[PDB]
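Quick note, the sequences are listed as chains A and B, same order.
Each residue of the first sequence is one higher than the one before, starting from 100 at the first, in the deposited numbering.
Each residue of the second sequence is one higher than the one before, starting from 51 at the first, in the deposited numbering.
Just so it is clear, CB atoms sit at the ideal spot from N, CA and C, and this is done for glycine as well.
Before any comments, here is the structure.
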Amino acid sequence: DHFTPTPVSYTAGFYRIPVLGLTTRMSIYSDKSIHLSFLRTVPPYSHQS
Amino acid sequence: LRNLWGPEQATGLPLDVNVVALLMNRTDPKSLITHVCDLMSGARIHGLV
Ligand SMILES: *[C@@H]1O[C@H](CO)[C@@H](O)[C@H](O)[C@H]1NC(C)=O
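Set out below in C-alpha cells:
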C-alpha cells in the first residue's frame with residue numbers, strides 16, 4: 100500500500116536528475132519544493148475540479 | 051563529537067544513549083544509502099546528522 104515512486108526519484112535526485120514517475124495522480128507530487136526535478140506527464144486531481 | 055558526550059550529559063534520563071561519530075568525506079548516493087542501511091540496522095540508531 101505504498102504507491103510511492105519517491106525513493107527511486109530521490110535516489111536519482113541527489114544528482115538532481117528528472118525522473119518520470121507514472122504510478123498515480125496525487126497532489127502531493129505536484130509541489131515544486133518537495134519535488135524539484137520530479138517532472139511527470141500526469142495531471143493531479145485538481146484538473147478534475 | 052567524542053568530547054561532547056563524555057564529560058557532559060549529566061541529566062541523562064534514557065539509558066541507550068550512545069554517540070557514533072563518522073566521517074564520509076565523499077558523498078556518492080550509493081555509499082550514502084549503504085551508510086543509512088548500516089547505521090539504522092546498527093543497534094537502532096535514532097539520530098542522523
Ligand atoms: C576524511 O578526511 C579527514 C581529513 O579531513 C581524515 O582525517 C579522515 O581519515 C577521512 N575519513 C576517512 C577516509 O576515514
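Going along the chain, which residues of its own chain have a beta-carbon closer than 8 Å to the beta-carbon of residue i, five neighbours each way excluded?
i: residue 74 of chain B; result: 81, 82, 85
What's the C-alpha gap between residue i and residue j?
i: residue 119 of chain A; j: residue 127 of chain A; result: 15 Å
i: residue 87 of chain B; j: residue 53 of chain B; result: 26 Å
i: residue 142 of chain A; j: residue 121 of chain A; result: 10 Å
i: residue 146 of chain A; j: residue 113 of chain A; result: 30 Å
i: residue 97 of chain B; j: residue 56 of chain B; result: 18 Å
i: residue 124 of chain A; j: residue 102 of chain A; result: 11 Å
i: residue 63 of chain B; j: residue 89 of chain B; result: 23 Å
i: residue 107 of chain A; j: residue 133 of chain A; result: 14 Å
i: residue 129 of chain A; j: residue 61 of chain B; result: 45 Å
i: residue 65 of chain B; j: residue 51 of chain B; result: 19 Å
i: residue 140 of chain A; j: residue 91 of chain B; result: 37 Å
i: residue 72 of chain B; j: residue 99 of chain B; result: 10 Å
Measuring CB to CB, does residue i end up less than 8 Å from residue j?
i: residue 59 of chain B; j: residue 70 of chain B; result: no
i: residue 135 of chain A; j: residue 115 of chain A; result: yes
i: residue 105 of chain A; j: residue 79 of chain B; result: no
Considering only residues of the same chain and omitting the five flanking positions on each side of residue i, which have a CB-CB separation below 6 Å?
i: residue 95 of chain B; result: 89
Legend entry - Inside the segment 102-140 of chain A only - alpha helix (DSSP H) runs reaching at least 4 residues: 105-110
Inset, instruction - Go through the segment 61-94 of chain B residue by residue and report every complete run of the beta strand (DSSP E) that reaches 3 residues or more, in order. - result: none
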